[PDB]
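Notes for the one structure printed next.
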Amino acid sequence: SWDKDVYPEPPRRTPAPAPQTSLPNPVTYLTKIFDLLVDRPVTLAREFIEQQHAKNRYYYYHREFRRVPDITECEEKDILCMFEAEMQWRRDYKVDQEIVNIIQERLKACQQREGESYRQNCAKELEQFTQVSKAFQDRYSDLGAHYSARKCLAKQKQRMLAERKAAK
Amino acid sequence: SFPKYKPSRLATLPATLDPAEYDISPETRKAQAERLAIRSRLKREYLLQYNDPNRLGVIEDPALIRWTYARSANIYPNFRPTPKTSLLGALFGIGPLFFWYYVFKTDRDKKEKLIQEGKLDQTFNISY
Amino acid sequence: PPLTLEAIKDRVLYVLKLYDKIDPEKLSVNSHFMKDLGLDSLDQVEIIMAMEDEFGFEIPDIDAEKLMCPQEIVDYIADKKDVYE
Amino acid sequence: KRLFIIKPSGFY
Amino acid sequence: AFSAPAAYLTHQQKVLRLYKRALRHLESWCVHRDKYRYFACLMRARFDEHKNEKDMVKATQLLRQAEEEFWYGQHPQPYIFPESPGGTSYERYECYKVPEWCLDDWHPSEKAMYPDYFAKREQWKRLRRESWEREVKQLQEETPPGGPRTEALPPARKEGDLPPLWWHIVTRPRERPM
Amino acid sequence: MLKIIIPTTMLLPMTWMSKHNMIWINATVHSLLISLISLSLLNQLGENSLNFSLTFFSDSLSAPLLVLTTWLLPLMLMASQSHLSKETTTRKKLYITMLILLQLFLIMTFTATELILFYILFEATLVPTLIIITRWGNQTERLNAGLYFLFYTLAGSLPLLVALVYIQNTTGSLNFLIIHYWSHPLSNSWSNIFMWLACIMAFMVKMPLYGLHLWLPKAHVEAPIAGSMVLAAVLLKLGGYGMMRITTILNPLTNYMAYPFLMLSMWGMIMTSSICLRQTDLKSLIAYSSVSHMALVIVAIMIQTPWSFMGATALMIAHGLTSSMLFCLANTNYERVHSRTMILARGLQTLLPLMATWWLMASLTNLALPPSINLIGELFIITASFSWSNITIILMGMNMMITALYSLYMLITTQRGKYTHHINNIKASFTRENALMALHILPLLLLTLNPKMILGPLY
Amino acid sequence: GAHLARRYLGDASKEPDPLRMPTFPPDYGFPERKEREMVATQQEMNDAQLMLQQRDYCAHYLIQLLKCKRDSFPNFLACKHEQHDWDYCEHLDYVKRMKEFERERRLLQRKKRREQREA
Amino acid sequence: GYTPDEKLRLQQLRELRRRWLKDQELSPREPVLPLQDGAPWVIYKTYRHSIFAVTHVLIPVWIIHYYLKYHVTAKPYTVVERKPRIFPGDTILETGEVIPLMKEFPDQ
Amino acid sequence: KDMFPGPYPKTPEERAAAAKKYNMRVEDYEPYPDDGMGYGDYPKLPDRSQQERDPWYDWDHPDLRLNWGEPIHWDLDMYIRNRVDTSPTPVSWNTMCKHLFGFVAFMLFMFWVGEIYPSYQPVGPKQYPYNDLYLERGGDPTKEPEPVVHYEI
Amino acid sequence: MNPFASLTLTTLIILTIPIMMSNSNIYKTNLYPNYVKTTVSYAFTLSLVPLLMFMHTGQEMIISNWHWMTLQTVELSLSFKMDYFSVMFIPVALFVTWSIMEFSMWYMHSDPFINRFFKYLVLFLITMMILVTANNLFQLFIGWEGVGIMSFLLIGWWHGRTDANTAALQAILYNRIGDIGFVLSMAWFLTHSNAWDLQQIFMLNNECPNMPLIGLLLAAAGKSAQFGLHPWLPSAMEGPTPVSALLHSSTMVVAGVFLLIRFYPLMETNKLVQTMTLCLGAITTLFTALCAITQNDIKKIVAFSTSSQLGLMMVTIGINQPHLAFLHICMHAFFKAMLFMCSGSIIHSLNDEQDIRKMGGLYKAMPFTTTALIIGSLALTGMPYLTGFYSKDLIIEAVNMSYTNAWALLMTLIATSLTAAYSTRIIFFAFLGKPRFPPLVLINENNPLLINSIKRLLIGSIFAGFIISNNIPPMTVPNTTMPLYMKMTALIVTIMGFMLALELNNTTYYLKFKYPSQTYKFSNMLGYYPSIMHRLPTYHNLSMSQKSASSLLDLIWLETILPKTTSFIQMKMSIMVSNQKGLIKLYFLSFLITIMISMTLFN
């Protein structure tokens, strides 16, 4: 049920079976035996359990957090606004971590799926993770154990001052 | 004249090649007799306690207690600050600390210099 | 391999009979090598080595020197191998 | 000809 | 079962031990039986050559030189009997050896699994408990005033008396306990 | 938090008013129930700590430590039952009350929101520990050990008290939340350098630091089994928690000031493990092993990186469990043979196999066999140190090798070889002792399945 | 190993350097040289998941060998002819590399002869 | 070899040791505690063989197959297979086919 | 309790008392040099590994080859049978070190020489198509590679 | 494809079932080893199916069944890499374990804790499977340490033997030294590539730097008993012979080579690490073979043979031919496990005698073991069209036809000669000649377990090489054309070694005695590496610990610095203040001095 856009998978191209020898293929009979012995009972059990679940279907909801004023607009020693901004920044940190995780998952799956052509056919995912990693490192790395929204803001300001100095 | 066997600290001289085993005197035999007497007395006492049907528990060996006490307790009371003790303590205590400080400080400074120069690769180093 | 007392005695006597210097006819369980037989110290060493090679277990020299009798060898082997019959 | 085998208590 | 050692090794005993070591190392070098027999008879002749030296200084010097020769010619990996010290099976069954006193801590159900043996064990315990006092008295009597000068222990002097300090030697664990 | 505190307080009247027969039973039942209640705290919101009230709060750091304390009390009771049988009923109740007061103080330390309250109770923990060591120790050196422990801790703590009061005067509050949110950076000045030293040194004494660790071997060797259990499991981790909390105030100066302590710990772990190789006393060996692991934790804290902090929390919990179990195993043999010399008792595997199995598992956890939480923490600390400097790996790997060597050496000497012939008092291990070892082991292996519980807030 | 003897014991300049090979340009001598045509296509290789080391000028024969191996299963002895074909193509490629080595040897000797001609 | 006292002591210890060893022998009876599961004759030849086969492979294979169905669906990328080697030849859906045109020389 | 080890003996009476305390012969007893190390009264027993002691002799502690009451070596734990061993070797220690270190050195030296003179075959470099698999080896498709050309021989 | 994942996971999960049932009553009963053997056999039969599927269509897969924990941007999940290496090594390892356990039932029948032995065997097998089928470095490390700990436990099976405990501790020590480099690799990959999964590590590290690969090299050297870390393997023969044959001969020791093979795509990029692997493998081959030539214990000889073969595999990795090294691992498992089983049969027949000098004339006394050992030796020495031919001959041919360190190639050829030499030694001294064993003849190989267990590995050594080599897809460009002497070098060197060894062994019959040569002493004393390396560093470390760390610092100097000096100062001040004089005249003068000083200083 995962979104294909979020977790892209290249379309599957499976070669058709083209036997050229008379000898019977053991894999085919073994797979048929496995089907009959295992897959059918398992499919029946899941049919039963899905029927039971459909008998009592109930829904759980994904929470929505409205955007709150950032530390940038929070006043000094204004503990309420600083608190809200800090919790929001922590949630954003978690979301960014998850995004990095998604990109890394794509990278691993593409390495495995391509096979011996991983170096060439996974280049796009490698570039995506390159960009995401650079952004994440710039945003969050070196903040330290006691990372806080204020420290991230300070890092951003240091970076922008360096950029202005580079602009000379 | 086969090549001789040079004894070392980790290769002791065999009793067979001991120059003293073949130069025996009456006093040496007397000393061996005395040592055998000592060992016999100790073995007698130990076996008397060991074969006792009434005994229940460890046979407290004074030698073991002495060994533990000498290894643990007696060290400081029988210590005197002397030039050898002081110099060896200074060396093996602080010298390694300063050596590692030097090594790690130089490494850290080199890394920071490369980072400031923007001449270090951290392309995917996003987990510190 | 029960290795009974009689088996040990038979094997010790077998080795001794196979010893050229000992004449088989006068060889007996109580025949002291030093006194009853003509064997010297080095012959005692050799017979002890032969016994330990036959039974595959090594006899310490302090015990080895004090055998001086085939029956002593037999009972010593019995003691080492825990033979009670 | 079973010989006794000495072993620590196992009930506990 | 080991005999009590002596304060020193007599010259004859040292020569015997050197002969045994030399024969064993030669056997290690001479793997095949015939070659070993040939060189062993040669070694026996070599010992017989100076068997009757009258000068003890000369015999001692010969012993020293022969020991040096043995050390040069010792086999790097001499044959060791499997159960002998340094052998492959030395102390292999040691963990299986269990002291007799472990029995007294058995739960009564386990001790009831084998009643008859434990009756025999109780008989042995009674025997040891009775004989201990007489053993101690005998050891005191035979001991010299200065103290025991050798590890040797006296045999039982009179009927009805067990050998002094006999319990552990008699009840030592079986070589192959399993 | 009172859901835990108030029943813990009520343990005291229950113990005092219980019958002489039932003191241990009642204490154990209700302490286990209190631990079951404490298990609720593990549920921590990711973004924010559980701020129960003004005085008390919990986070993903404090919750594992509280659970450890609440679990540790019944284990201490089971261990201490045996050697206190001869004691009179009043003395046994007094001992139990010292244990309960210690648990109460530790819970309030880990949950306190104010640094001054944290200091008050963290120093209050000394009194029950000191009384335990100096009253129910079994050697004449207990008095000296108690003096050393008390005076080391106080000499560390008093400057911390002065510094905390100065912070209260300057910033205006010692509440950890306010300090974290305001947290103005320090400047590189001698006054600030000495404030940093004052804040850090008390915890550096509590976490045995090389050169400040002399109190730990004396205390652990001389204390009774329960006191050793608390000292190894929680009292050392008091320093780690304090350092992690306090590091927020001293943000920039940490980089400059860490190098002495970092090098001291990095070399000291090797030195202490090498000491473990040559120790003649089992309790002393375990104590020096604790010193080495705590030095690793000190390195992780000083590095001040997320992975370092997660590894530090994991190592704290895992080491607490492992050291408590190892002390219990050593205490069993001590009760049997009445000596702590390693060589005296040998070949105990033949005599006591299940205890040998417990020893094997305890040593395997001590040498950080994966996937033990011990290895999770140690590996995270190693990776953080590697990011700090690639050359750290040499020292870290050497320490790992020596830890394996000394752990298996203790196992081999105590539990392998020929049994000591003359010792005849070894008896079948009681169900209490095996139960204690199992209560130590099973939680440790289980925590591997769900490691996020002991990975700390930064997870 | 005899070529190594010439390279090391003898004059190094005459003998080719394996790393440096080929120093001389293809245009030198050999008035017309055809491009080494590739029978297989790049997409084909990528689709067949041929190893990069195996993606050589004989990768087509390997492609046929892989197809016959997949089709012949369970029988694993039915691809002997395809195996021989691929093996011979690899043999010819090796022979061509040997000819390159010999060409470099002779070209270096001719250069030495020019240098001798100066003197 | 031994002194007569030594011989006598050794003989005494020998007798006592042999007595101990013979006393280590058990009786004809090894008492045991006194039907938990009925088992008449139960074909250990094949029936028990089949029971072992089932309990050890069939039950695990069913459980693991069910867990495979759950885990594959629960999370994307849980099972990633190497893209099957599409040798020039018919495909199932794309039905793509191409020939290198043997642009080479056959003789060997 | 006089049994506990004392300070370094300085008078002959002290030495005799120490020798009796450690159950050693007075002439054999030799305390460690009083250089402040802390040994004090403890005797300098010979540095013989427990392996060297005769196995056959009945020891009070067989696994340790030690008798009860015998003075225990200061570093006995170091010289246990399971640890550092000083038993005599057939070959001299110095000669063993010479042979091993020389062997290793020669090995590494010859490997370095092999690096100087590496073996190979009299063939040319393997030629790969499509500019030596430029794209297949991760080359940027957008950028244009040098058009590597391999001509037939 | 759908059956593939299920079958592959079931193959591992079934092995755990005996471990779980070890709590049940079956552990107490005599049926436990037979249940364990049957479980392993069923696992092998199942593992055959995915192997067939891979042979048919190359159906490689990765299974991330369980998500252990997510650490910020790093996700750690239980992931199994069911690729060619795993799908082939699992059936081989399972078959070898099956044969070994069947043999062990006969060999370990007398042992009271046979059930513990079998359970430990299954534990080792599970750990090795975890090592082989691991897609994360953490899971691979779990398998690594599990294999190490199981080797430690099994080697010291007879806890009574101090030598066994020493060997176990030594193995732990060397393997932990390797684990230092392993941890270095894990840390470097985590810090740079931000993952411990092999897939992401391969994807990001296009041109892998030197440090992580050198760490992997160190870990491989530790596990595969390479030079500098080699002595643990020969010392491991202290354990029961089934333990040796299973772990320290054919399965555990290949862990390091397999770790390097798993990282082959990174290994290709860095040339220096390839050179170091090649040099280390050549050193190991030469040194271990030379040591084996003069050994008189059959287990030691076979163990040094294992080490030499591992060095050959490391060389193959250095020549940048990983799949060939994996093939050699597969064949070595078969023939070396069979050789060790034959050695165990000889030992059990001759009442625990392991010295070849005491074994003789067994060619006719033990016909089946003799045939098995002859076949195993021929396979080991590269007899054509045996299992060794498909691996070792290709190894040597690739080594010759490649850019290579000259001394490495020369040492490899010499090592092959010495392999032939020590095969000649064991055959000549043990089976040939006249009997030298003690008089009582207890030879009896007529045990169905022994016969069948050796039968399976015999059939494997004869035909598995051909079968596997034909079935596996081609993964290396073959060295089609080569000079005739280059092709025949392996056979020529093997035959030369055979001839020289046979002549030298024949010279032993001659009634001539010569004192040992220095080279013989060097070979027999294992190069003196045990003698000095197990004494000088051990002595220095333990002495340094006690003398400096335990005493001179902790009990002397730190105490003198902080506690003792301060206590002494406070004592001296207390003595000063409590002068115990108390004379009104004395301290009233102090009042006057204090008044004057206060008036002056404070105005």
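Protein chains in written order, with the entry's author numbering: chain d, 4 to 171; chain o, 2 to 129; chain X, 72 to 156; chain a, 52 to 63; chain p, 44 to 221; chain q, 1 to 459; chain t, 2 to 120; chain b, 3 to 36, 51 to 57, 60 to 126; chain c, 34 to 186; chain l, 1 to 603.
Where is the CB? At the ideal position from N, CA and C, for every residue including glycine.
For residue i and residue j, what's the separation of their Cα atoms in angstroms?
| i | j | result |
| --- | --- | --- |
| l:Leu410 | c:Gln154 | 15 Å |
| d:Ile105 | d:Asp8 | 11 Å |
| p:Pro207 | q:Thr90 | 51 Å |
| t:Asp18 | l:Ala282 | 26 Å |
| q:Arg245 | q:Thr272 | 27 Å |
| l:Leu457 | p:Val213 | 48 Å |
| o:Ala64 | q:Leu250 | 54 Å |
| q:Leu367 | q:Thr403 | 6 Å |
| o:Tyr23 | l:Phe227 | 43 Å |
| p:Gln120 | l:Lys521 | 9 Å |
| residue 22 of chain c | c:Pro79 | This structure does not reach residue 22 of chain c, given that chain c is present from 34 up to 186, and the question cannot be answered. |
| a:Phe55 | l:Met88 | 49 Å |
Write down the C-beta distance between residue i and residue j rounded to the nearest angstrom, noting that I regard them as a contact closer than 8 Å.
| i | j | result |
| --- | --- | --- |
| d:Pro20 | b:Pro102 | The Cβ separation is near 11 Å, so there is no contact. |
| p:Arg87 | X:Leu87 | Actually they are not in contact, since the Cβ atoms of p:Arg87 and X:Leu87 sit about 18 Å apart, beyond 8 Å. |
| q:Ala314 | q:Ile454 | 5 Å |
By alpha-carbon positions, which one of the options ends up nearest to residue i?
| i | options | result |
| --- | --- | --- |
| l:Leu137 | l:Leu601, l:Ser391, l:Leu259 | l:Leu259 |
| l:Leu51 | l:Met1, l:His540, l:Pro265, l:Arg262 | l:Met1 |
| X:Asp91 | X:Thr75, X:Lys152, X:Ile118, X:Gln142 | X:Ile118 |
| l:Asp297 | p:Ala199, p:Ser71, p:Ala83 | p:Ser71 |
| c:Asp68 | o:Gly119, o:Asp122, o:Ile76 | o:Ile76 |
Using the DSSP secondary-structure output, state which residues sit across from residue i in a beta bridge.
| i | result |
| --- | --- |
| q:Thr272 | q:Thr272 pairs with nothing; no bridge assigned. |
Taking Cβ positions only, does residue i come closer than 8 Å to chain B?
| i | result |
| --- | --- |
| l:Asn447 | The structure shown contains no chain B; its protein chains are d, o, X, a, p, q, t, b, c and l. |
Problem set entry | Completely contained beta strand (DSSP E) runs for the segment 385-420 of chain q, where each covers 3 or more residues | Here no run is fully enclosed.
Problem set entry | alpha helix (DSSP H) runs contained entirely in the segment 295-334 of chain l, provided each spans 4 or more residues | Scanning the segment 295-334 of chain l for uninterrupted alpha helix (DSSP H) segments of 4 residues or longer gives 298-318, listed from N- to C-terminal end.
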